[PDB]
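One chain follows as structure tokens, the form deposited in one PDB entry.
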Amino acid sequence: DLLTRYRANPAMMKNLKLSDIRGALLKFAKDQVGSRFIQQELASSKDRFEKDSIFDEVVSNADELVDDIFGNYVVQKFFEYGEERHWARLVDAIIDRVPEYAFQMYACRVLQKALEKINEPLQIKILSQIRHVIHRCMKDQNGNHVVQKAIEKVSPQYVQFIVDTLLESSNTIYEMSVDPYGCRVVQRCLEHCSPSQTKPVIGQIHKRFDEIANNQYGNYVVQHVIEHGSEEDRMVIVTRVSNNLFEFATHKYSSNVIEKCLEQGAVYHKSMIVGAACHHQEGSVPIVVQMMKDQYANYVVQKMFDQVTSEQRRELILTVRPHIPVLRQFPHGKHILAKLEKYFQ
């Protein structure tokens, strides 16, 4: 009845405080208008006891509020930085159903707010439950964000079980790299995990490099290997793409990998790619010229002109200068050479 009154004439009730909600916290937190009063009060109130008064109502009904369209924000407000005195109780209120909450679209946002704010003992206490559903959680539309959040906010030694799940079986990393949600977990792992953890992960990627490099999601995983992997990792990749420059460049997704190699690679990595592009075939035309005729590889050669040194750019100009006549007669070849005209003068 208290909520029914407050919805009708809200401005006629501008004195309402959180201590007045009392046993109405459930109806308020699950209401569109009610949950905001709670949130606005929690943010604007300077009284620690008013905010603590409803907290036992929050703990008592946490299991019902975490995956509510509106209640999930009320629970999140008590995970904020100025509420550390309440973290341990709130985690215990939800700890046993974390395996469920990881897959729910509202409750997962609460688990992320927890991992973002709480201290390491409680973080490990939440990953304790994610351990039970980790493989299925990595691929979930909701759960992958909880695994991503753990990788960013928890020290590498306490997310080792996530890495060992990537190395669960021989095909796990391929399975994850080609999954629209598991591939995001692999990238976060490449960004934040220790070299002893990322070296076996990058090891599995190399064995099925071609498939992953041309997958609509795995190509992002390969691009993250180039940037965050070792210098030898970039060598094995650049040597791989250099010897198969035409195949990698003329496919929709692996063409982005060659672009990533040019933006990240050192001078001699650029030299391997430029050398392979200008390597004259005895019975045909240089690879860079065929690449300019392709729907995808033409963006790769302009990337070369934008990224290589002047002497390597010099090598490219002496290679395709005899070929502009036959190049202009291919689809979009006029716009391609026009973007390249600043290099042909």
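Quick note: we count residues from 1 along the sequence shown, nothing fancier. The term rigid core refers to the maximal set of C-alpha atoms that superpose within 1.5 Å between the two forms.
Comparing 68-76 with 264-272, the stretch with the higher mean C-alpha B-factor in the PDB entry is 264-272. Higher mean CA B-factor, judged across 170-178 and 126-134 from the recorded values: 126-134. Of the residues listed, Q32, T309, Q295, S45, the entry assigns the biggest Cα temperature factor to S45. Ranked within its chain, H251 lands in the lowest third, by CA B factor from the PDB record. The deposited CA B-factor of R240 belongs to the lowest third of values across its chain.
Per the deposited record, the Cα B-factor of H228 falls in the highest third when ranked against the other modelled residues of its chain.
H86: CA B factor lies in the highest third for its chain, per the PDB record.
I54: CA B factor lies in the highest third for its chain, per the PDB record.
Another form, the form deposited in another entry, is not on view; read the next lines as being about it.
Once both forms are fitted on their core, the CA shift for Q32 between the shown form and the other one remains under 2 Å. Positional change of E84 between the shown form and the other one reaches 2 Å or more at the C-alpha, relative to the superposed core. In the core-superposed comparison between the shown form and the other one, the C-alpha atom of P322 has shifted by less than 2 angstroms. Put simply, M13 and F28 spread apart in the other entry: their C-alpha atoms are 3 Å or more farther than in the form shown. If you compare C-alpha positions, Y81 and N119 are 3 angstroms or more farther apart in the other entry than in the form on display.
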